[PDB]
Amino acid sequence: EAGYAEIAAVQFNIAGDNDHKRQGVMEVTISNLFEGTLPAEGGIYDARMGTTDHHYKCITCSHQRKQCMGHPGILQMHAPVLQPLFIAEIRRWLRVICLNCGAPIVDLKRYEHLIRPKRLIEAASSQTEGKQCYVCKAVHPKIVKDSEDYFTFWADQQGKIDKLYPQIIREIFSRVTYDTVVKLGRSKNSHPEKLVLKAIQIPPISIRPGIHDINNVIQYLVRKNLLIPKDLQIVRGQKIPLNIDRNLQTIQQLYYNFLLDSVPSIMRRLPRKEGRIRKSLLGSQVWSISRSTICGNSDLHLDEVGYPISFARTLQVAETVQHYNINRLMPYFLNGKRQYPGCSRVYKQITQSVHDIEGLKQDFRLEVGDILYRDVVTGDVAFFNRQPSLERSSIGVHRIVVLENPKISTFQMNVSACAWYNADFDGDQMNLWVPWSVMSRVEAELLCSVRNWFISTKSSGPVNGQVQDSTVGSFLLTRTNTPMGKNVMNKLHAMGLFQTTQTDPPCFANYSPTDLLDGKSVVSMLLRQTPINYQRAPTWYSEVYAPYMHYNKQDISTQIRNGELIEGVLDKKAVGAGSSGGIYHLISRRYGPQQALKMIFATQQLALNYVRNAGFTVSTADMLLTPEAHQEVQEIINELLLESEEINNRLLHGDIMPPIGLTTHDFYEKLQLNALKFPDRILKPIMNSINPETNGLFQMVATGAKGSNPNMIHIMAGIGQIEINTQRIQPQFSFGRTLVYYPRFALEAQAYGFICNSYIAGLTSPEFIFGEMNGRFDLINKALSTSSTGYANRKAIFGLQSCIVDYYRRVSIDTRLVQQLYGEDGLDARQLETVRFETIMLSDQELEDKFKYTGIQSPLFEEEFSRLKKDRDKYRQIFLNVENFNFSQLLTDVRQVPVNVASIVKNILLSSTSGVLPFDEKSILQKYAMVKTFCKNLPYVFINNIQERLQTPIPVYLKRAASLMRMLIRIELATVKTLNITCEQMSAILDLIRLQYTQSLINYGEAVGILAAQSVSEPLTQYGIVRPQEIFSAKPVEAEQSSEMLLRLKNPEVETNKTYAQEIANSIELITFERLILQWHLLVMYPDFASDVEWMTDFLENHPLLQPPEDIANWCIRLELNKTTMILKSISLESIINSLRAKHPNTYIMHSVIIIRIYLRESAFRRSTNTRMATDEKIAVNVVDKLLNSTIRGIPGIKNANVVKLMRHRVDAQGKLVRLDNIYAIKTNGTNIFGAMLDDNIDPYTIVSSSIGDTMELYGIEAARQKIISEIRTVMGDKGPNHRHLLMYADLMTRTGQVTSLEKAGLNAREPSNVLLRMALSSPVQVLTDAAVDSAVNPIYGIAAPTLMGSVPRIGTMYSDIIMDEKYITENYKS
Amino acid sequence: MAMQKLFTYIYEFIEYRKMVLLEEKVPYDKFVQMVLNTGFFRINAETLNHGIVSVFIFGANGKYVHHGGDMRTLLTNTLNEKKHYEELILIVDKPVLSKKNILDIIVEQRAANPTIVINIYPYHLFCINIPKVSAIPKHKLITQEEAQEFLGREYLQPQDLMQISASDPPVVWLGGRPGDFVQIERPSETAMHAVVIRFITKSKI
Amino acid sequence: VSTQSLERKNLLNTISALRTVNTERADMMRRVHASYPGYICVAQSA
Amino acid sequence: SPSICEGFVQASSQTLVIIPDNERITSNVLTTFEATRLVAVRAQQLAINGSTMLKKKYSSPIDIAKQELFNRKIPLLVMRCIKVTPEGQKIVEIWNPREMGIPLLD
Amino acid sequence: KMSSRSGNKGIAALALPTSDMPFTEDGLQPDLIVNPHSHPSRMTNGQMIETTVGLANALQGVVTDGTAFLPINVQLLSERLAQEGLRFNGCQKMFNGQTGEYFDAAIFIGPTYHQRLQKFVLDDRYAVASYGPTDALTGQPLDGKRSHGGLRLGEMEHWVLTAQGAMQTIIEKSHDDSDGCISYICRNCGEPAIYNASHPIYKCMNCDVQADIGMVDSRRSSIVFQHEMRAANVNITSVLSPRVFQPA
Amino acid sequence: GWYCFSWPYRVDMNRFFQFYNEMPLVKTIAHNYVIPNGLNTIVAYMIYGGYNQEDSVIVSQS
Ligand SMILES: [Mg+2]
Ligand SMILES: [Zn+2]
Ligand SMILES: [Zn+2]
């Protein structure tokens, strides 16, 4: 009879007496807890307030303990009590109304121009004590809050001190008219009288089971209530006995502590990580789940997990018995709990009960409609989870393989699947649950399968590939020469490589037992299933190793043509994990991620089955240098130490002069750090000692399977200099010693962390200690890895999680646009391919030769080429500008696009039955129109095919979204490139371009704000220092610690001269007045001033124009100017003097001919009327302080300025885009954009600051949006996320017109009405308190609001509503 | 160098806003002498709708800035003349914007004149040709009809859009009033360029 | 008093527990200090 | 003085406005979310009834539902809620999965 | 988990019979097979020197001292192998136990001291079923294996499942498996109502004749949460989604 | 290992006694003062089927 409903909004209010008296189901009268077995009627445990005991039902709803939610009760307090949460509210209501009549004392028509939730506080802010009423002429007394408690107020009538008891407060508030409340900020539901309570609510027993410690505070409160007289009356200023005063303050204290004690409190349950919201509402404890240690199993597919049989008989899968599965479920039912696979329970629907299978009837049958809870079998899907769950590949769905060996207790999975979970097999544990519901089982298989996470959402590239044994084993397999000669195997061993891949075996019928097969021939047999085209150089070929090692020419160029490996080895570059553009990324792009996972497993077995016949090992002799090569390393190290000693001997003679800016200490250490670096020739003795064809340590490093060149050098040759914070070992053992082993001010390089020994030789005690110091730093920073990004992750998610994709591919927060199109292109990050645009860099002549078609003389081929130029120029113009407002972000001709149109064309040129087609103008003319019309209708990919047929107008923002793909199609489908393609083959290409473009669009209802928060918080692990905390907190300019600027020079011709750049770089820097002064004194005068009176003499005769003027009272601020700095930066005395009396016309300087003596005037002191302690001592220092800060030369805020060399592009006179390297500019230390525009030596249109606040203040919100993207991008580093996850932070933080933060302040500004989201973030009690006094309506949207209300977000599978097709069922089904 | 930059870019601002000048342009030294003596420099312009826009450039030390009474006198004597006013731009130094007083006279003169736009801006808004800055995307004002058809196709209310302040430098150079819509064309590193539409809200002051 | 349970996993753990000393600042005091050699094991930590 | 429930007025009932077929703006291709939800709902409802027009016989509700989606026999419609007017309307688009593109659900 | 004295810890992943393990030409076969890829990044060279030294100790019949910071010479320790009849590198011709085929490479095999770390898989292994002990207040399972309760899908796991769009899994785990329940709310006032199908109760304690009860799916810890907010005098009113009707 | 020599006279919680222990073939000075707890396992450093990948080992069931 109760229909299905969903909560649409939640309204918050203040509960009064009537609400408690109408919601309450009973009144607490007695203090008896239990009369007998049952709870006492009328006590705090009464059965009307719900049942927490399993013997008796609830009296109210007649439900058991499980279905009863509890019901509230009423306690009629004998004395009115203040509401503990809104005490402040009470205070700020006692200040704005008259205590005798209720009419307001302040003017109602003064605060009305402000927003409602503020004017009440503003009115309470102004002082009101001493003011008098107008209708009753009663002077409003002072309201003073007590400091001995949290609730009692005192009325102070000019010294008359009275205690405002809550009865008096209710009487005062009862006379406040509703218009006073409405027209001064609050709502009709926030009338102040509701702030004093005579009937409190005893919470339902379901909130306080354990018949807890809250039950004591409720019991104590009821007992001391009974002591108070039933009809106690309180009047203003009336005398009361002190025992009553104790009882009144005792019940109020008990009630205040019942709610807000130490925020056993009702409100203490909410706040922290273990509180109600984060632990119980935002998390969960769940059933039907398992956990175990994970272990490797190379015989499992990448989307399979090995499940122990003991676990398979614990966890179950619910099967509703129907006519189509009665025969399949019977064997499970008959096996029961004794044979595998069996079952555990049956749910009979005709009795509505669950029967265990062993203690089950003998006349039992499986009816249609029963639910059989059977075991977990091979082929069932399962959610696999490794914590911390930091990305959306951290939970993936695997097909279950049941391990029927009873001695195995581990979760087994393939080693190439560990990239999803960032797991290894050193003792990691992972969670696993098997979906038992049908709906949860469908979406596990269709949505959450691990093939969906093969391409990273963070980085758009592949996640999985070969690791460590199939990387070094694929190298050995495809290696051209073995130490035994050619790398071949007979037919039997070629067949044996495939006997494990679980694919269909190839045909070896055209092979005799003695026929030899190359390693590439066997790999080609497997790659023919998914023919791809690949050509890169392998990791094996390194120019580092080339001088000292012979490479086989048919190994150093991997090439694959239609699945045939023509040449080259397969290693980390091609088959590795995370290798963009490798074998499996290309297979995924043509055949799907599931087909790529199947090929990773299949090539893994060829690699592993090769090594089980070739062997692979590492020994101690792989790490050992020849005695001849040991002397070569010692020679190289002595050269390092000899060059280090040469610097020290220059220090002995004082011959080390630092540059302008560095001290002698920091220049000496920079010289030492660089003089103690290992030369690239250190690998000559390493590569002379080893055989690359057999050395297993080298082959793990060289193929990219494991290790690096510094690891090989450290083991074999030497460790070298220890750098900590890119610095040597700093003396921390008592003032000039690094360790107790080295003397104070030791000059040897060993004293500061230079290790001359390799690991294989054995370190000494000082070298071991320095290496221990270096190692401990890395552990500590890795310990900050978890904590620092974890806190920033949660604040990023709560600021971003409400961003969800609309039906327009927009990003909104429930209605409010954050992005007009998701990512500005509307695409999924998992569906992008990096493609080269090959017209960007061409010149006007190259472009005309390559792309202009001269075969047919028609105006259509002039127009076809003109659009190629226009797209070329437009691309140049946009991304040349992007280069201007960035520091070091250069133009590129390679973009990420949904569709690789070049590969689509060539893969159709090869599978064609036609060769070079004959010339045919009609075919060429027909093809051009079909490409032209396809590009014109391309933006309809973003709408649908109905509007494309009708050719309705396209929105401008959808025209712009298809601009890159329109440009790419016109390049790769140009007439000069599709000559051989038939018109029938062109329609096939266009259809496949449009299909792949539709498949790459972002889904409706995708939580893309969570995707951005996950994707950007991951590169912060390898970084959470101050700079991220300044971007995300929207800190102002003055709060910055690393502010910079990049000033271009005034002229493209003058940018070349470095000397000219140095001239300007010195001008702009802040040389203030302090640093010019070496000595200064603030003051028959003082001694040593005979020069000053002599300065008085000669200065006056120089020019009689000016003298000590009529206003000079009593002060002598004499200074002297350092002359070295004046020569250092070419300051002039004329400049200093003219500067001082052009900003401060309160002085006469008497510059003399270096000394300076500033005098002042009496007129400078008397316009301090806003200051009434203005003496002579302070104001003289104050004007010195205002004079010392006077800018002598430069731009304020520019502390330093260096000249840097910039890499920039430019279009030549021939139309070619060249990258100019010989460009100089200025990189200041500190930002002042407006200061740089008031300057003719700096180009004002390309001033780049690293400050978001300075850019916003000067340029606007759209320039601050671009600045946020750039400033996040630098912090991300080199493996930062996709660009659309950065547009998500920037578009959210600037959606309101101002830059808001990802903190609670920003969430309050962006989503003020979402109370439940804001409570979940930081501090529920303060958020809830504000919401109650504001009558806040909270619509349910996003994630956190529905989660706290017990519902599920309308997101993903629940974004669109399903309705039943009546018109199809009435004409196809029967009752 | 604020005044030399102003003397060029205020006229570039007047030209960018499609206004003709109602006076003769004085040499720069005459401009500085009037600002130093009179306390302000007045520039008149005529819009396409035959409205008069007056721009006041104030010195960083004049009596009209430090004392609210003189500013009030100037505002009353300027708003009482026989011209069809449309907007008053008052260009002041940046600290003047943190001084509460002059802002209060601005709010009273807004209240006392509901059909005249009184705006006060800092110096940096007119010391450079703002539309030609590289970092600033291309802003444009769209008509109410185009915005209405866009919102009707999108099923949006004007409050659902992203919003831009009326005192945003490009919106100031456009002449964007609250309630108007500004279409912005911006560079994109994913789609090579994008278009958004923002809703002009009330100014900072 | 700061005490711990004598978790005798092996005799080495027993001997090690009886010689264990217990305590940007949070990262500054977890370092290997130049005064440790000879008194605190440079290698042994968590 | 009163209770909050006094001034509380429940949200007024809405009229379902259905955009005509030629003015629909959303894509004629099921999203992966929508196809997953259709198959899940249909599989559970097959666990309830078992009546289907699929010609081939399967022993699971999930296989039947998947083949019904693929072979365009699934008796469900997709309602895409475009807007809720404050005059009291609910503008939606009705999409027939029998006539739409089905995403790649490997 | 096993470990050598150099800190190279590892989980036992596979156990092979005697006839499946590799064997040298002399019949020597391993107890452990460790991957060579655990060495180069970890740079645990003392484990490889220990195997080289210990390989000649066993044939010589001696136990030698390999204390840190003693003078060592790996070149002379490798020559000690060749004098004892082995190869310089300590590697041997080895056969595949499954097929009987020799590897085309000598394999480095010898005695390395290993330890068992006291992390037993049987102690960490855990699995629950659909039912068990339940917390009195929230109604959720207890905390972990010690209490025979359930395991936790925390806050960050709901972020991942929301990012994936897996909402029917969130119902199954956080509602059908943690603490889901049915809440009843009156349409006309937004307050909780009282509904009982059997023993028919259909009443609202705020309307009592205008009661219009609709059942909303909730979970018990959320209802506890709303009662804890009402107990602190903050009134929570739930506006239900309005009825929708086709025209005419 | 041999976690104590009085284990039969104790009632402990989660304590493991290992039957067989060996002196290392390459011992250090620390074994002059603590009882060794381990075995001199014969270890092969080799790729064998891919089951020892990423910090796993293959053990002899015998
Ligand atoms: Mg691990
Ligand atoms: Zn009940
Ligand atoms: Zn009701």
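Chains as they are written, first to last, in my numbering: chain A, 1 to 1375; chain B, 10001 to 10205; chain C, 20001 to 20046; chain D, 30001 to 30106; chain E, 40001 to 40248; chain F, 50001 to 50062. Note that CB positions come from ideal geometry on N, CA and C, so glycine has one too.
Closer than 8 Å: residue i CB and nearest ligand 1 heavy atom
i	result
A423(A)	yes
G10152(B)	no
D426(A)	yes
Listed by chain order, chain A residues near residue i by CB distance under 8 Å
i	result
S50056(F)	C295, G296 and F425
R20031(C)	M773, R776, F777 and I780
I40033(E)	Residues of chain A passing the Cβ test: none, with the nearest at roughly 11 Å.
Per-residue contacts from residue i into chain D (C-beta, under 9 Å)
i	result
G40165(E)	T30032, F30033 and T30036
Chain-ordered neighbours of residue i on chain B, where CB pairs are closer than 8 Å
i	result
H398(A)	Those within 8 Å of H398(A) in chain B number zero; the least Cβ separation is about 33 Å.
Proximity test, residue i beta-carbon vs ligand 2 heavy atom, cut-off 8 Å
i	result
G50(A)	yes
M1349(A)	no
Nonlocal neighbours in the same chain, by C-beta distance under 7 Å from residue i, ignoring five residues either side
i	result
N1232(A)	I1195, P1196, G1197 and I1198
Beta-carbon neighbours of residue i, restricted to chain D and to distances below 8 Å
i	result
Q40226(E)	None at all; the shortest Cβ gap to chain D is about 14 Å.
Residues that residue i contacts on chain E, provided the C-beta gap is smaller than 8 Å
i	result
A30040(D)	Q40168
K572(A)	Near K572(A) there are no residues of chain E at all, since even the closest Cβ is about 13 Å away, more than 8 Å.
Own chain residues within Cβ distance below 6 Å of residue i, not counting five before or after
i	result
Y741(A)	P766
Cross-chain neighbours of residue i in chain A, by beta carbon under 7 Å
i	result
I30004(D)	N13, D19 and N189
Contact set between residue i and chain E, taken where Cβ atoms lie within less than 9 Å
i	result
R949(A)	In chain order: nothing, as chain E lies at least about 28 Å away.
Members of the segment 30074-30093 of chain D that neighbour chain E once the beta carbon cut-off is set at 7 Å: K30090
Members of the segment 30015-30034 of chain D that neighbour chain A once the beta carbon cut-off is set at 8 Å: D30021, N30022, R30024, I30025, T30026, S30027, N30028, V30029, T30031, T30032, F30033 and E30034
Near-chain A residues of the segment 50039-50056 of chain F (beta-carbon distance less than 9 Å), N- to C-terminal order: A50044, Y50045, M50046, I50047, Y50048, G50049, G50050, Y50051, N50052, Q50053, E50054, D50055 and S50056
Cβ pair count under 8 Å reaching 3, the segment 825-832 of chain A against the segment 991-1001 of chain A: yes
Contact between the segment 30065-30080 of chain D and the segment 30095-30104 of chain D (3+ Cβ pairs under 8 Å): yes
Positions along the segment 40185-40201 of chain E whose CB lies within less than 8 Å of some CB in chain A: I40185, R40187, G40190, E40191, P40192, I40194, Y40195, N40196, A40197, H40199 and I40201
Against chain F: residues of the segment 589-619 of chain A by CB proximity under 8 Å: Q604, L608, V611, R612, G615, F616, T617, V618 and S619
At least 3 beta-carbon pairs within less than 8 Å: the segment 804-821 of chain A vs the segment 1170-1182 of chain A: no
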